[PDB]
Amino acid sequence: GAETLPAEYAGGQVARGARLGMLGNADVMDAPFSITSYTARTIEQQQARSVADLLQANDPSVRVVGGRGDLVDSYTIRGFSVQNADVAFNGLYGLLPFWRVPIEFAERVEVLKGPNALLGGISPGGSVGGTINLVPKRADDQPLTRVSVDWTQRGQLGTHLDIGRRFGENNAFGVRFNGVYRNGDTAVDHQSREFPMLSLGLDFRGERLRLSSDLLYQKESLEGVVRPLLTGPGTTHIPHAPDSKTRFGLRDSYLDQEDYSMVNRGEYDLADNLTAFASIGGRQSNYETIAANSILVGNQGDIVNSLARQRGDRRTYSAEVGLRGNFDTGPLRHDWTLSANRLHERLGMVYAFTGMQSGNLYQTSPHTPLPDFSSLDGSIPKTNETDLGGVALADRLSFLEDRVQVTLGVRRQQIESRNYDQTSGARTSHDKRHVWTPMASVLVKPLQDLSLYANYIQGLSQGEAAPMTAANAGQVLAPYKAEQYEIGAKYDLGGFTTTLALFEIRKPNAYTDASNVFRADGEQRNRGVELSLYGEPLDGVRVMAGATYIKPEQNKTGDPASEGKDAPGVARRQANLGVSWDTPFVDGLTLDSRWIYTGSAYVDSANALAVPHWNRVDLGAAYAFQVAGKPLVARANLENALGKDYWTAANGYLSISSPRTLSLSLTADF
């Protein structure tokens, strides 16, 4: 079925399938895309708390910007940015915590590489690099009464309860609750963090009727907020990264960020070859912050911290309804889906940038003045209203005993947004557009264990508004249509799988031309190769490895200083290697190592500002034992074991590494 949880692959660290938006779940070997799905077991073994913790440690395609000391994580995938706000939830946008998705309630975290507008519609944030999808935990038949306690340097103490029960005839009903409370000093100087999280996953499985409800509350409170380093007009070189414990932004920064959501989902089998489905959900997101971005001034590490207060009240609704069925026109099977989706959001987002305070990269900042930001006090006005709605039709044509599979789709995507000035309430912009966006794929299975494939699909982003500097200040540009071609090969030898893919993604870029009109006449052309190996090649020895190579060409810019140069914040080379080993010499003892590599990259489109490659090494240990009939597992995670300090490049800015960080936990099942 479309919604059946894909089984775990050999080794239990990844799964055998993942969601393809409106098409539902597909096995890796029947997906004409590059998909990876990480399991709860991998989450729990690595003591990963966020999407970022997980993807950075394991995935060769994903690299994190911001990091855990910052209020936000973003992701780069196939040399494009992917916003945390663009992470899906069972294939739906707008329902997960806006700045940073927690994963201690997740059964899977999945990554579909490359744009996928046909499959899911436009992402709220306009991301086209790839779609990250979280699958919520459900209650298993066996009852779960799990408690764990944890410690993370320097003094964060936590507790996590995971309780599940199924009930009724044939265990038709499921209830799974997760609660976390984690609090205390982080690894970084003068920083502390509080984190409460509550989730519930509720399901009913009947004969023809399948229902679920997911609820989530979370809050992230920071005392001390790490922020990026911006390049300044005459930066000529990027200083060497400081000790990752140093905190060189605003000493008395804070964040309070709260997200909560609910989504209800259903299917009903109207006949043996016809199923209706729908989902309705929404999200409230409350944001309060004072912090500062650090700006490079000169070239020996001096900075200026540019202070801001930001307050946000964000209210999102997200829904889908559709039909899927199947028929035969002779030797050909049709598996068709007709879907319609809607995201509606009202946001108030106010800010004021006041304060410029001198600091240094190599120094943890002292207490400094907090400007008077009381002009943002009171109720937060509406600053934006957005409505994204689409209708799609797809058909997977299966031929020759399902060994050839041709998928075609088209979607009509509507976009509408209105903006209002934060001070005056004046209507500033109103964008209303539509785009038709198709896909086509083919997959052939020469062997049971070998799949070859090609796809074409697009990605959409809402057009930018012209900066106030420009001749066309305020004017909203047309949507950016990204286009992907990909081919690849997947080979499953039973215990492990190797994949290869080649892609290209072309996308318009906007810039201010030499006559001060902001135009989307730029083109980026990202072409790359991806290689992966995963599974359990020997008994008790699990491996996840991979490497990418990408040429992220700014193939059209006008400006000769940048033309045909590399897009900033996009390393050409990346790789990961992870090994998890059950020691045959001690019962219950498993040892993990990981190596993460990121090649050199640039911060600027002229490519005068390069930042070096980097390496991180992680070490883990888990020890499973019994006490009084009950299973316990003690774990250790050592992230960045070598204590390396490194910049991650982005476009016009960089984010500092986290320090060497030890986590310990004990888990008990009752």
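All residue numbers refer to positions in the sequence shown, first residue = 1.
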Stretch with the greater mean C-alpha B-factor as recorded in the entry, comparing 373 to 381 against 282 to 290: 373 to 381
Higher-B stretch (mean Cα B-factor, as the entry records it), 88 to 96 or 233 to 241: 233 to 241
Residue selected from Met439, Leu215, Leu270, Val147 by maximal Cα B factor: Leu270
Identity of residue with top Cα B-factor, from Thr497, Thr329, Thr186, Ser261: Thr329
Chain third (lowest, middle, highest) by recorded CA B-factor, residue given as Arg403: highest
CA B-factor placement of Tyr181, once the chain's modelled residues are sorted into thirds: lowest
CA B-factor ranking of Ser663, expressed as a third of its chain: lowest
Entry-reported Cα temperature factor of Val633, expressed as the chain third it lands in: middle
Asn640 - which third its CA temperature factor falls in, relative to the rest of the chain: lowest
